[PDB]
Amino acid sequence: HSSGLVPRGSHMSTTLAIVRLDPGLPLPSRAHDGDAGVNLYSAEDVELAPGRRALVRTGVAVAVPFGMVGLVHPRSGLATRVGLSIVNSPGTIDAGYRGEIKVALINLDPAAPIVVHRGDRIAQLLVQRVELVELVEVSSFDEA
Amino acid sequence: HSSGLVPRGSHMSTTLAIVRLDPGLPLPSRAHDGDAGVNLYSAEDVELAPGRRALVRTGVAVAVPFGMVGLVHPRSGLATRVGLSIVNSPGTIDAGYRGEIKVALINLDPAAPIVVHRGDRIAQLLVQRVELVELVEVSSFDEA
Amino acid sequence: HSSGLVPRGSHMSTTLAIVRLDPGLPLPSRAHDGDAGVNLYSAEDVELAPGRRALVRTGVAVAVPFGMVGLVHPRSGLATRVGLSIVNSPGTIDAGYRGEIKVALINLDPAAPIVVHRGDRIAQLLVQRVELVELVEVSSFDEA
Ligand SMILES: O=c1ccn([C@H]2C[C@H](O)[C@@H](COP(=O)(O)NP(=O)(O)OP(=O)(O)O)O2)c(=O)[nH]1
Ligand SMILES: O=c1ccn([C@H]2C[C@H](O)[C@@H](COP(=O)(O)NP(=O)(O)OP(=O)(O)O)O2)c(=O)[nH]1
Ligand SMILES: O=c1ccn([C@H]2C[C@H](O)[C@@H](COP(=O)(O)NP(=O)(O)OP(=O)(O)O)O2)c(=O)[nH]1
Ligand SMILES: [Mg+2]
Ligand SMILES: [Mg+2]
Ligand SMILES: [Mg+2]
């Protein structure tokens, strides 16, 4: 069997429409089979002094399906090696959002600046279902 | 059709009981259709110097259903604009928890204090299913 | 009925194989019924000055099932009390990963060092399903 056939056990897996606003970057991909996230690239060069943060363009936009959420998580390697984090982690991408995904990077190292270059992988994007809960206000939890 | 009718495609959507311990705040709501989270308010005024953190009352309590988790995520706007983050993000709200949701806000800006006023939206609350996994200890992964 | 019988409503609950690389630590457990996470221990003593971070061994390895993700979240108590956080939170554990779970702890307090002792609970591990999305590149979202 070739690629185009959806294997049985992946019949149900979901699709995510994506637009490369920056066509010069590779499409986000999973580094390994079963990996939770696809790796987002930086569209830009940016240098972050200790304690500084930046809102960095990834060059993509996505259409998260209704009933789901996209989540932007930090890469573990850079987090440890150089103290790179994401201010609003986990970044919450709503089903209705059709703008460019931007990553609020922050340098949590005390002394060493972090240089990010265009084309570097700077975060990962997961997609999960979410319960769009209906609030039921009660006067006490007994009542419910 | 009017509001009270549960549309077909939302027959299965879950309910979340909530108690406004602070009845003076609006109920948390989704800013847009399909948004992953409902926006939590601060019950209080608080001022956070750079690097400082506070445990801020939201004026609500919830009953996350068994088999699910509530998750407190930072708002992207404040995160970028002013460096506001959440120390324990993502905040983990257990199914059994019936206390007030409190938000561990922290100012990650190097120089500018953040002022939060009562009634400001300071986080978002998502609800997701969680696998309540049964651990199976093995001596090596082959064995399993 | 005794323990070994899987109750009806937990017929479907998933298993997580785990190896204690450090057999001297307790197995991670849920502190209460319905808790989202199991509590990870530190295998080691470590002292974190303000602003410093460390990659701390938990003494376990796990096999997250294909179609799921493990997620390492900070404990709320330590986060508030002493400013302890996790640089890459939420830590993303892929289905394929068979190495030791390590926690990138960071001291976000301005002045007081944090001492972690072997055997202390330093994070929690959740397991959730994840959508292993198939990207569909489009030239505009209309097109899709
Ligand atoms: O908190 C964590 C996160 C990850 N890990 C392990 C499990 C995970 O599958 C593996 C890779 O993690 P990330 O994808 O978060 N980091 P990065 O993208 O830098 O490394 P890789 O190229 O291996 O994916 O590291 C941990 O032990 N603790
Ligand atoms: O890391 C992120 C997070 C969000 N976003 C986009 C997608 C999301 O749907 C939109 C709104 O995000 P938040 O709800 O996290 N922030 P805030 O509540 O300040 O803005 P809004 O009023 O638009 O919801 O911003 C990103 O590009 N990157
Ligand atoms: O952001 C949060 C996180 C938790 N909480 C409440 C709900 C949760 O079920 C309870 C315990 O949270 P954690 O497990 O995250 N922290 P810790 O492990 O220190 O406390 P406990 O021993 O109670 O689990 O604290 C909040 O109000 N806000
Ligand atoms: Mg990775
Ligand atoms: Mg929002
Ligand atoms: Mg706990």
Side-chain angles (χ1 to χ4, degrees), chain B residues 48-57 63-74 83-110 123 126-142 144, chain C residues 6 9 13-21 23 27-38 50-51 60-65 67-86 89-90 97-98 106 108-111 123-129:
Chain B
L48 285 187
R52 301 288 305 279
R53 71 191 182 268
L55 183 59
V56 182
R57 298 177 297 105
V64 172
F66 184 83
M68 296 187 189
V69 61
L71 292 157
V72 183
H73 292 189
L84 181 69
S85 185
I86 298 174
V87 185
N88 65 323
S89 192
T92 300
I93 307 293
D94 300 294
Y97 184 73
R98 296 282 181 274
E100 184 162 13
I101 295 172
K102 297 187 193 177
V103 182
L105 290 180
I106 181 164
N107 183 351
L108 295 184
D109 192 81
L126 290 63
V127 177
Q128 292 184 307
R129 290 183 183 274
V130 66
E131 305 292 314
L132 301 171
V133 289
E134 172 174 0
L135 302 175
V136 175
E137 184 173 10
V138 295
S139 59
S140 88
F141 294 118
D142 321 34
Chain C
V6 180
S13 73
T14 201
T15 55
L16 182 69
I18 173 161
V19 176
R20 284 195 273 181
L21 307 168
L27 272 180
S29 62
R30 275 168 231 297
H32 307 89
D33 185 52
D35 278 1
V38 297
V60 310
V62 300
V64 172
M68 296 187 189
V69 61
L71 292 157
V72 183
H73 292 189
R75 298 193 69 228
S76 81
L78 283 168
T80 291
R81 267 207 328 121
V82 302
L84 181 69
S85 185
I86 298 174
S89 192
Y97 184 73
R98 296 282 181 274
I106 181 164
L108 295 184
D109 192 81
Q124 56 193 313
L125 177 73
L126 290 63
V127 177
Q128 292 184 307
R129 290 183 183 274

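Below, chain A is the first sequence line, B the second, and so on; all start at residue 1.
- Proximity to chain B is absent for every atom of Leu78(C), based on heavy atoms less than 4.5 angstrom apart.
- Contact detail for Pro110(C) and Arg52(B): the closest heavy-atom pair is CG-CD, 4.4 Å.
- Interface summary for chain B: among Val38(C), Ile86(C), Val62(C), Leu84(C), the most heavy-atom pairs under 4.5 angstrom belong to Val62(C).
- With chain B as the partner, the residue from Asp109(C), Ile106(C), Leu71(C) showing the most heavy-atom pairs under 4.5 Å is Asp109(C).
- Remark: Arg30(C) CZ is packed, more than 12 non-hydrogen atoms of other residues, nucleotides or ligands lying under 6.0 Å away.
- For chain B, no part of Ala111(C) is nearby; none of its heavy atoms comes within less than 4.5 Å.
- For the pair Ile93(B) and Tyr97(B), the tightest heavy-atom approach, listed with the atom from each and the gap, is CG2-CD2, 4.2 Å.
- The minimum heavy-atom distance linking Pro74(C) with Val87(B) is given by the pair CG-O, 4.3 Å.
- Counting heavy-atom pairs closer than 4.5 Å to chain B, the top-ranked of the candidates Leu21(C), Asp33(C), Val82(C) is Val82(C).
- Contact count versus chain C (heavy atoms, under 4.5 Å) is highest, among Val69(B), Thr92(B), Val64(B), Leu108(B), for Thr92(B).
- Rounded to the nearest 0.5 angstrom, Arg57(B) CZ and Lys102(B) NZ are separated by 8.0 Å.
- Ranked by heavy-atom pairs shorter than 4.5 Å toward chain C, the options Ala54(B), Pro90(B), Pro50(B), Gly96(B) are led by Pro90(B).
- Atom CG of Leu16(C) and atom CG of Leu125(C) lie 7.0 Å apart (nearest 0.5 Å).
- With a threshold of 4.5 angstrom between heavy atoms, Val60(C) does not approach chain B through any atom at all.
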